[PDB]
Amino acid sequence: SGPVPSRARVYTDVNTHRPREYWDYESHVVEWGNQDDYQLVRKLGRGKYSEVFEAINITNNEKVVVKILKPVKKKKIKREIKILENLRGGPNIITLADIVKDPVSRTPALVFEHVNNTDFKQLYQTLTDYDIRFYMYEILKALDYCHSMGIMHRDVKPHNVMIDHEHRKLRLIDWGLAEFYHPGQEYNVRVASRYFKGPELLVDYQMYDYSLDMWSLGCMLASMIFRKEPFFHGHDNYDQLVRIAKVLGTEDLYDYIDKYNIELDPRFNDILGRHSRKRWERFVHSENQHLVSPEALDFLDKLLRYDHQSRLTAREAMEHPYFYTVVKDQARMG
Ligand SMILES: COc1cc(/C=N/n2c(SC)nnc2-c2ccccc2)c(Br)cc1O
Ligand code: NA
């Protein structure tokens, strides 16, 4: 009475059909650049796994971003490097420019192209309906590409989407939680930011796939169009699913649990309670209505589904009428 298995609807066997060297990152041998090409300029941020700096390549005066890794097992480092190398050149995928050994920490430092990212407060006060559709389409191009390349991102969230708005430029960053998809594999559910975790994670269903990313993207869409970031604000992982259930309802949650024969802690049912499915229109107000259309709500509804198998793929999402004006704009002679 374990759960029912699951496999991706699309891109199921991408890695099955590639040479072992493509996905066997433990066998990757790093070739190191020269740290002395780069001078750190300003610390940007501190995380659990890395410290991030703006830097200059002193041989050409170009800005770059350096992520100095905290000490961790080679295998994790090799996984992120391999993924970044595999995906390099893909649409809106951050470009890994170099890999060096930091001369102070003696840990690897990943050197990326620089994105002049627009501060949050400004984007929040100025993004139009069209801007949201455009950037959503550009994220989807990155996700379709990485999924088609056999990789799940597993940390889609606003902080990992860099936007240089004056150049209409976006990059999906932080590939440190990314992993190769292999059908039938049980993955670690301790991925993604609390607020962007899919229901599969929250009920400990380990045989997930690319569709996790599409849940996370739907949480981003709702936060953007309804002007509430994060949209589903739980105080821990259990309460995260409660906050989802208060919107999607408990009927469809229990139908999902039943479909996959998922067992919940009796206390979990308790806090989940019983909730009607709410209309998306309930979240529309005078301060966000300019960003909301029936197309946006129809699209959001097809991303934010309990059942991972029933979510749109990235390519299906790109064909949604919500993006018709973006597709037109981009159909250019050049
Ligand atoms: C953490 O993984 C990554 C971070 C960044 C940059 N991050 N970042 C920037 S890029 C110009 N600007 N602010 C931050 C930032 C990072 C961590 C905490 C706070 C801010 C890049 Br290019 C690639 C990564 O794989
Ligand atoms: Na240096």
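In what follows, every heavy atom counts, from backbone to side chain, and hydrogens, waters and symmetry copies are set aside. Just follow the structure's listing: the first ligand is 1, and inside any ligand the first atom is 1. Starting from 1, each residue takes its place in the sequence as its number.
- Neither side chain, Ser211 nor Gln309, offers a donor N or O lying under 3.5 Å from an acceptor on the other.
- For the Na ion (ligand 2), protein N/O/S neighbours under 3.0 Å (waters excluded) are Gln35 O, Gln35 OE1, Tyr38 O.
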Could you go through ligand 1 and list every pair where one of its N or O atoms sits under 3.5 Å from a protein N or O, giving the atom names and the distance to one decimal?
from: ligand 1; atom 1: 2 (O); to: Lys67; atom 2: NZ; distance (Å): 3.1
from: ligand 1; atom 1: 25 (O); to: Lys67; atom 2: NZ; distance (Å): 3.2
from: ligand 1; atom 1: 25 (O); to: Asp174; atom 2: N; distance (Å): 3.1

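- Under 3.5 Å, the side chains of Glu62 and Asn57 contain no donor-acceptor pair of N or O atoms.
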List the steps and the verdict of ring-ring contact (aromatic ring centres under 6.0 Å, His included) for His320 and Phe299. CA-CA 7 Å; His320 196 282; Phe299 175 45; 5.3 Å; yes
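- Taking the salt bridge (charged side-chain N to carboxylate O under 4.0 Å, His left out) definition, one finds that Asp24 meets it with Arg20, sequence neighbours left out.
- For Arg243, the salt bridge (charged side-chain N to carboxylate O under 4.0 Å, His left out) test picks out no residue, with sequence neighbours left out.
- The closest side-chain donor-acceptor pair between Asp255 and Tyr306, if any, does not fall under 3.5 angstrom.
- For the residue pair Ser216 and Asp213, no side-chain donor N or O sits within less than 3.5 Å of a side-chain acceptor on the partner.
- The closest side-chain donor-acceptor pair between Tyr208 and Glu186, if any, does not fall under 3.5 angstrom.
- Side-chain N/O atoms of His308 and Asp209 include no donor and acceptor closer than 3.5 Å.
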